[PDB]
């Protein structure tokens, strides 16, 4: 059981980090970018922040702005057409998950043309050539698509999504620039922030957790717990910290499994289209409580970096302190306290529990959960038991 880590070979961090793109492109000798993005980011002038710098530095670019939410086989083929017809030799992905995923597909098919039908990339793609180089510029503080080897494409003909898993698709450079993100409403910054915290905590305690993912996850938890209140209140430095925290959490959670929070949040998506972030946030502290005795010393670390002094406490008191710290953050940033507050129905719990039990990613949970354990966990998260 050797451990593998896959990361972006190069990453730039800070407000104004996108400024590093022109010097990277020059040193890399690339002739011409295809910018892959959507109409919205062009219309709002976000793409122009990049093209203005490239024009000033004398760097050639073309654009494909046809990306839509749930990118399709058509969008991939369309983008690959513009790549081929524009004299481009590298990709700049400007946007959230959809542009990032569309770039991976375009870049893979360009160097692996036997996959031109796109649907043949599903599962562990048998590619033998790296993607065309991708320079990734995420514009949402909620995406880490640019540090994962996964991408999701919609097959319109067959009426389904398909997941592609391929180390060859990893972007060569990530630019993590809070200036390119700015402008979520407080409520979504809250859900997004605790969504990242959930991935970092689940990754910290997943069965396969090891030294390198532990190193990154505990830093992400420290950053997110330190910054999320300030970020929700619109603090500029807090926003920059949250961009870093989301990426660092991304580095860890892209390389190890998850557990029952993901397992239990995913069916709530399938049933009520509850925001993945809000469902995750509500469940997190209840699942942390469930898992506590199977986490060794790790909740001491979580308690410490969330600002609680626990070195004088016994291990179980320290574990209780970590759980209470997460309840406190959820309250402070306006997460609904219970699943019924976001429209979950008591009568669906047996069905939801079965879905969570059969979810592949539930196997990463450090404590074994039976159907009945998961039923009881939904109920504890569903309503207050103060009456």
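Residue numbers count along the first chain shown, from 1.
Taking the mean C-alpha B-factor of each stretch as recorded, 184 to 192 and 201 to 209 are not equal, and the higher mean is that of 184 to 192. Higher mean CA B-factor, judged across 322 to 330 and 351 to 359 from the recorded values: 351 to 359. Within the group 166, 89, 155, 214, the record's highest C-alpha temperature factor is found at 155. Residue-level inspection of the entry shows that, of 112, 255, 291, 143, 143 has the top Cα B-factor.
For residue 273, the recorded CA temperature factor ranks within the highest third of the chain's modelled residues.
For residue 33, the recorded CA B-factor ranks within the lowest third of the chain. Only modelled residues enter the ranking. The entry lists a Cα temperature factor for residue 11 that places it in the lowest third of the chain's modelled residues. When all modelled residues of the chain are sorted by CA temperature factor, residue 5 is found within the lowest third. The PDB entry assigns residue 177 a C-alpha temperature factor belonging to the lowest third of its chain's modelled residues.
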